[PDB]
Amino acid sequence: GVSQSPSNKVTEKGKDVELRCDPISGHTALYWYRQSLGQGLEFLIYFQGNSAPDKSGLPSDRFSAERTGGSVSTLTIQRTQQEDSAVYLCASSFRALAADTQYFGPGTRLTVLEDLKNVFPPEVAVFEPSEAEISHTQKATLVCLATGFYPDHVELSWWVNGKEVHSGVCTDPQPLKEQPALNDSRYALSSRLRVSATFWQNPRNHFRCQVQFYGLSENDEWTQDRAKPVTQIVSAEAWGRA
């Protein structure tokens, strides 16, 4: 599979960002795309071996790509702008211009902001199952709510007894803005975990809601007196109740 790093990147405007792509072994053609939504696949540049015959397609001269080794490629966006925010996709194939199957990577979601002032981490809270639900259907649904975060770079996961779970989980596929009218509104996200009645009624079962927030880094400087909204994990736990 094609590898890409980093998975997320939130940066202030004017900073340089560097995207990394690891093509499939044996693929000498490598492609760069970027994708907004709602928007389609926007072609950027491609490499045959270590050379890029097609330098056009780049949005501006601030974009530059390299594949010096003939394998791993890097895309650099100097002095980022607001319009640079997108999901940058990488692909690779046997060969270029041969209609070879192009295989994509996970992408890098880039978000560029005018200022970092409205950046804030999420607030996580777990909600214990309803007493009426446990009596009526012998099933316990607990809801997690991550609220008050900006931008929308969040990954929510449920952890039962120290092991991540996927069965019985449904998270909202897309965060919703708390103030839909405002331009720079903050976000909120919900998720549900449903387990059996006997599993919840067990007081020795541990339930934790984990939210990965992508924000600033140790390189980024912070001026406010509030907490530096750094890339962090915010959790909220609850125990079984009898």
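Start at 1 with the first residue shown and count on from there.
Peer 1: Per the record, averaged over C-alpha atoms, which has the higher B-factor: 129 to 137 or 106 to 114?
Peer 2: The recorded data point to 129 to 137.
Peer 1: Quick check on the record: does 139 to 147 or 70 to 78 carry the larger mean Cα temperature factor?
Peer 2: Result of the comparison: 139 to 147.
Peer 1: Of the options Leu37, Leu41, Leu30, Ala65, which has the highest CA B factor as deposited?
Peer 2: Going by the entry's C-alpha B-factors, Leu37 comes out highest.
Peer 1: Among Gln179, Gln212, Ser191, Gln48, which residue carries the highest C-alpha B-factor recorded in the PDB entry?
Peer 2: Each of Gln179, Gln212, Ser191, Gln48 was compared by C-alpha B-factor; the highest is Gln179.
Peer 1: Using the temperature factors of the C-alpha atoms in this entry, rank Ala52 within its chain: lowest, middle or highest third.
Peer 2: Within its chain, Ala52 is a lowest-third residue by C-alpha B-factor, going by the deposited values.
Peer 1: Considering every modelled residue of the chain and its Cα B-factor in the PDB entry, is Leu19 in the lowest, middle or highest third?
Peer 2: Ranked within chain, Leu19 CA B lands in the lowest tercile.
Peer 1: Within this chain's modelled residues, let me know which third the CA B factor of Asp172 belongs to: lowest, middle or highest.
Peer 2: Within its chain, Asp172 is a middle-third residue by C-alpha B-factor, going by the deposited values.
Peer 1: Based on the entry's values, in what third of the chain does the Cα temperature factor of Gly26 lie: lowest, middle or highest?
Peer 2: Ranked within chain, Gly26 CA B lands in the lowest tercile.
Peer 1: Would the CA B-factor of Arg95 place it in the lowest, middle or highest third of its chain?
Peer 2: As the PDB entry reports it, the C-alpha B-factor of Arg95 lands in the lowest third of its chain.
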